[PDB]
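Just the one chain here, laid out as structure tokens, in the form deposited in one PDB entry.
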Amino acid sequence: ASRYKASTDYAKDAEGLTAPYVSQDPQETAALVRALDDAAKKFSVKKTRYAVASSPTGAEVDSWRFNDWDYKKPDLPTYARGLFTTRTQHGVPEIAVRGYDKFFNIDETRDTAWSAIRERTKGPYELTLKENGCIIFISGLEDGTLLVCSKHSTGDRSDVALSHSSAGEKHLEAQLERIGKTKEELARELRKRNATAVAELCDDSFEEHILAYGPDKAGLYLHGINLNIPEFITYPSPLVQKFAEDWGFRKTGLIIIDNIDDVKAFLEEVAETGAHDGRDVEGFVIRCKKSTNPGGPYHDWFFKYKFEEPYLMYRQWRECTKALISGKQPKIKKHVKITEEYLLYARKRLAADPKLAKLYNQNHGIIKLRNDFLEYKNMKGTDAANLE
């Protein structure tokens, strides 16, 4: 079932679709903030206040952070992962930024067992490529300011290091210049939609993760548009790809599969390789509708399917290399024999070029070192991960 290929050609099908829209209810927003404040004055939540530097009204936002395991509890005031609340210049309480609900990998929670999924969800199933960077949230404030956030933060960090949020905003400025639109226009459009744009910042020249994003592929991969309400309502992916084209984002590849057993089959087939349609793929985020009643009312619901290998091995090599440099014992947990060889190769590379240690610590040279060892071994990552 690898007839299915991730596509960024869906924007055309969006012509027949219409964006979900729900306005905010200030009373429900106030009640949510009250419940979050109470929680914070003791399911533990942390509040951080940020000034919006660009705001002509001196707007401030409160970022709310939960522990990822607390999302498994019932009766949370919200399941948003990334949530920023504000008061307008008029004293109205609003959600400024709303992330996706926390979602889990297969067999991580009762809800994400294949039996549970098969029973309680309905398709069509959107399989969205899981791009490997940091999350960026974009929204428009009541006063017209474009807000750009990382998962829990906004603004530049006090030193000469660029924050993730500022780096995201600099990519956004470039993509807007390219298509001839402004931050003001984007802020007005997101406010009109009562929406948060959800993107993955992927740029090796800024920070390396595991998958490579060279200059031609670097920027903001738009993977979501959420409504700024306590509930979770997200755009269908073809409308996300249409918004991506209109506002100069990179598109997130999409596969729509009707039948849940075909979804399972496809994902298991890719799991063998950890690659799809020529490219390395770290995972998929599967988007569908779920009902509490297994046969009631339906709500937008996500789960992920991570591909364990070779990406687990690569992450181990990165952490082992940073330990080597820092003097802490490398934690070898898997791929023991090939990792022993990698660490001797790494030690040789660091001895030959002593600049590399400081670069590796700043998340530059990590992918190159991994690929240099694999070339040295005349192996593909997938082969290296299969040895053990």
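One-based numbering along the sequence shown.
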Count class of coordinate-free deposited residues lying between the neighbours residue 42 and residue 43: 4 to 9
Unresolved deposited residues in the interval that joins residue 295 and residue 296: 1 to 3
Comparing 63-71 with 353-361, the one whose average Cα B-factor in the PDB entry is higher: 63-71
160-168 versus 242-250 - which carries the larger mean C-alpha B factor in the record: 160-168
Out of 154, 237, 259, 226, residue topping the C-alpha B-factor column of the entry: 259
Candidate set 22, 19, 369, 11 [ranked by C-alpha B-factor, highest]: 11
Residue 200 - which third its CA temperature factor falls in, relative to the rest of the chain: lowest
Entry-reported Cα temperature factor of residue 320, expressed as the chain third it lands in: lowest
Among modelled residues of the same chain, the CA temperature factor third for residue 93: lowest
CA B-factor ranking of residue 34, expressed as a third of its chain: highest
Ranked C-alpha temperature factor of residue 77 among modelled chain residues, by third: highest
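As for the form deposited in another entry, it is not shown, yet the points below apply to it.
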Rigid-body rotation between this form and the one not shown - hinge position, chosen from 351, 309, 130, 142: 309
